[PDB]
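Just so it is clear, none of the values below were taken in a lab; they were calculated from the coordinates. Neighbour counts run over all protein chains shown; Cβ positions are idealised from the backbone, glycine included.
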Amino acid sequence: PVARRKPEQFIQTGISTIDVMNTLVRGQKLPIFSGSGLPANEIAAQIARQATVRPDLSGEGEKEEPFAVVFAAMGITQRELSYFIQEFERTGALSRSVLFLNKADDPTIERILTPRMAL
Amino acid sequence: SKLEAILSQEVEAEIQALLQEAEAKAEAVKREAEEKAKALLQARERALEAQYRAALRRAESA
């Protein structure tokens, strides 16, 4: 804990909901609660494309930062899959990313291995 | 006589209102068009230009 340094920056995620009220600080733990047959994924992806620091309130921007992500699911449908992919290539931020993919059809057990591997 | 003088002048000032009235309503139509088009040529400039820079991006990434 001594090694950790308190959060202090936040990003613009592009939806007020967060971006006003709750404030997505950098390096935070945010769970997004959903139900089946709701737009679980989509909304996630949005964040992935609008996520960006604010130089304006500072003196430091993306002229001092690149940007990146690492994604994995742990098995999903197919339908969620491809849908996912098309938003990384059209952003093109795919390159600078890592994918672990377990599809919901592999031996079940490797559900518990996978998180950490990526983590 | 004096009867017809008053009738002329009465009718004549009404003439002066019809003619200008049509004209301004024509000009305003004319000028509406100028604006209408301008915002469209701009709008399609915008969209295509971004879809240009971003398009090349996806290539660059390829």
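Going by alpha carbons, how many degrees (0 to 90, nearest 10) lie between the helix axis of A:40-50 and the longest principal axis of chain A?
The helix A:40-50 is inclined about 40 degrees to chain A.
Please rank A:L119, A:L99, fewest neighbouring Cβ atoms within 10 Å first, as an exposure proxy. Working shown, then result.
Working: A:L119 8, A:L99 13.
Least to most surrounded, the residues fall as A:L119, A:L99.
Springs between alpha-carbon atoms under 10 Å, Gaussian network over chain A: tell me which of A:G61, A:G37, A:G92 tops the mean-square fluctuations.
Sorting by GNM fluctuation, first place goes to A:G37.
Give the order of A:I112, A:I18, A:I43 when sorted by the count of other beta carbons within 10 angstrom, beginning with the fewest.
Ranked by crowding around the Cβ, least crowded first: A:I112, A:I43, A:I18.
Neighbour counts of other C-beta atoms within 10 Å: give me A:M74, A:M21, A:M117 arranged from fewest to most.
Neighbour counts put them in this order, fewest first: A:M21, A:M117, A:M74.
I'd like to know which of A:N41, A:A3, A:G59 lies farthest towards the positive end of the charge dipole of the stretch A:1-103, counting +1 on Cβ of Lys and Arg and -1 on Cβ of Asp and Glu.
Farthest towards the positive pole: A:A3.
Can you check how the C-alpha radius of gyration of chain B compares to 2.2 N^0.38 Å, as a plain ratio?
2.59
Which one, B:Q16, B:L48, B:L3, projects farthest toward the positive side of the charge dipole computed for chain B from Cβ point charges (K/R +1, D/E -1)?
Most positive-ward Cα: B:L48.
On a C-alpha basis, how far is the centre of the stretch A:1-62 from the centre of the stretch A:74-105 in Å? Whole number, if you could?
20 Å
Roughly how many debye, to the nearest 20, is the charge dipole of chain B about its Cα centre, given +1 on each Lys and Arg Cβ, -1 on each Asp and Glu Cβ, and no other charges?
Numbers: 11 positive and 13 negative charges, 180 e Å.
Here the size comes out at about 860 debye.
Dipole size in debye (nearest 20) for chain A around its Cα centre, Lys and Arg Cβ +1, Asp and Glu Cβ -1? Don't skip to the end; give the middle numbers.
Working: 14 positive and 14 negative charges, 72 e Å.
Dipole magnitude for chain A comes out near 340 debye.
Take peptide A:79-92, look around each residue's Cβ out to 10 angstrom, count Cβ atoms belonging to other protein chains, and average those counts.
Values: counts 0, 0, 0, 0, 0, 0, 0, 0, 0, 0, 3, 4, 4, 7.
Averaged over the peptide's residues, the number is 1.
Place a point 7 Å from Cα of B:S61 in the direction of its Cβ. Which residues in the stretch A:61-83 have their backbone N less than 13 Å from it?
What the label zone holds, given the 13 Å backbone N cut-off, is A:67-69.
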